[PDB]
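Okay, here we've got a single chain as structure tokens, the form deposited in one PDB entry, with questions on binding and movement later.
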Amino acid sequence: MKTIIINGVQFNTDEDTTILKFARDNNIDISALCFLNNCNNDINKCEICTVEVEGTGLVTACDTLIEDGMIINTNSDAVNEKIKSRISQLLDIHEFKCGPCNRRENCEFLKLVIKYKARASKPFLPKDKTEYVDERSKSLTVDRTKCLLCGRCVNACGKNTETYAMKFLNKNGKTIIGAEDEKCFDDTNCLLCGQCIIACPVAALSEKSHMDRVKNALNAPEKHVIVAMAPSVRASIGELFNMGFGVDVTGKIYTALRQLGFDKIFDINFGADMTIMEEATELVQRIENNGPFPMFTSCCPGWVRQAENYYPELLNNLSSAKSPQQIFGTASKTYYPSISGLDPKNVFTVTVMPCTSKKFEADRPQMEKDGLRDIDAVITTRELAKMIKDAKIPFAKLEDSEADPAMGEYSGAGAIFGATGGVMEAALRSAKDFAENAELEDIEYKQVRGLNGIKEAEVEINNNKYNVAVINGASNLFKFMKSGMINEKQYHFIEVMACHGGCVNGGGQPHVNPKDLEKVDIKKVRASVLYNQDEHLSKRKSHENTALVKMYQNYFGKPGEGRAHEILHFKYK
């Protein structure tokens, strides 16, 4: 056993763990900054977690294991002096102007500055702020006037994606973070998934803003602005209005969007049902033609970029169905004018996404037809929250309203898209009915749900057995391929999400304090909202969506054929 003294208190423990973890488990406060995801910044450690160990001196609690005999002090003057000094030195390289800053209300660094009453020795007031900012990407932006060089984004990129597309760089003799060779992220192997943003404790990493695109369209007299939110938004955005975690705020969102001036309130879950119509039809076709196998989902643009950059030989195996965002957008410029009288050129289609990579997808040159973009702007969950707050809309006290039904109705299958395994489960519900020409009652595929990184199942479709896999996070895609797991059997249908947990954990989602992440499983609680909707919806299959059925009957025809196949599909070359 080990006997540990912390701040005069004796502990007897068998645990093999760090001082930081042991202290935290025993209600002893130790600050941290560069420690996250069970890693710290191994070179140029932040030292905010400093403690004193008798007989050794000052040590970093976050990467020092407890040893029998240690006597530790976490709150001596020497300790607080050192921590304050490191915060002061960070302020010397930080444009400390919180007023207009997009992390003003939830900044980890600000909290530490306040906790230790630190001040800069010489305030940093960049003039060529141009020099510190990189806005070239369609999805990410960097503001180095805020960057603490804490490495959390580099560590998060490595762990979440294994691309190491975010790097430390030596730029004219100063250390920065950025992409390979200081290129635009979009021109590197980066997936544009934004996990580096989620990991950042300050406003040094952000999404590429579309808020001006949106406001300009809202204010243009002749534009008719459609808005449609992703599955995950309704499970998440309430966090930023102090409503807590796991709160379903669907109806409040619809009201807020009307109060912001949007002209039509639809829902990307309608697009999710459309993607299932096309993709489940495609799966049945591929079964009847014995391939090609495996078919991969094509709805996650982080995964599409991963395939493009590392597995281009798989691009032809991706489903040709457009993603819910792009398939909805295509219909918003074709079907929707046909049922409304709008001039298609005057329709401006906005989505709200938990995702930064969706901005790149929407701006792909060929995601348009007859000069009309499928999707004209994409705002993240965070961006919508800012728009609501800037307009002084009292979100938490809004009454519930409904979407406009024509492209707004959704089934429970579409509702679960935002969780890892949701697309797989939704697609199987329709594919099995399609293949067996039946209306089956057992529709729940629990085996593909949850947070395991690589999940598989055998499913029986029309009296034959098929193998499916759900790949949960970009790093797990690499593991699945490089390990040869793909070779252990013939897989027929594989879901891939780049963000572990699915889109509920996407790079456009609300930041969560690392100490809130110790008390809340964010991936599970956000997903729970979506499964709950599925459980209480009357229609739980995409092909039972009444508004969608009318759309195919009256405009697109049979899925996966004819008109449907000509404009609702996309292949990467």
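Just count from 1 along the sequence shown to find any residue number. Here, rigid core means the biggest group of C-alpha atoms that superpose within 1.5 Å across both forms.
Higher mean CA temperature factor, per the PDB entry, when comparing 470-478 with 311-319: 311-319. Averaged over CA atoms, B-factors in the entry run higher in 511-519 than in the other of 511-519 and 42-50. You'll see in the entry that, of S401, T381, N189, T420, the Cα B factor peaks at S401. For the set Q326, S121, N269, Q195, the PDB entry puts the maximum C-alpha B factor at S121. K392: CA B factor in the highest third of modelled residues in this chain (values from the PDB entry).
Ranked by C-alpha B-factor against the other modelled residues of its chain, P126 falls in the highest third. For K369, the recorded CA B-factor ranks within the highest third of the chain. Only modelled residues enter the ranking. Compared with the other modelled residues of the chain, the Cα B-factor recorded for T175 ranks in the middle third.
The deposited CA B-factor of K159 belongs to the middle third of values across its chain.
What comes next is about the form deposited in another entry, which does not appear here.
Core superposition between this form and the one not shown leaves every listed residue (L110, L318, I71, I393) with a C-alpha shift below 2 angstroms except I71.
Here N38 does not count as shifted, since its C-alpha moves by less than 2 Å between this form and the one not shown after the core is aligned. Relative to the superposed core, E54 shifts its CA atom by 2 Å or more between this form and the one not shown.
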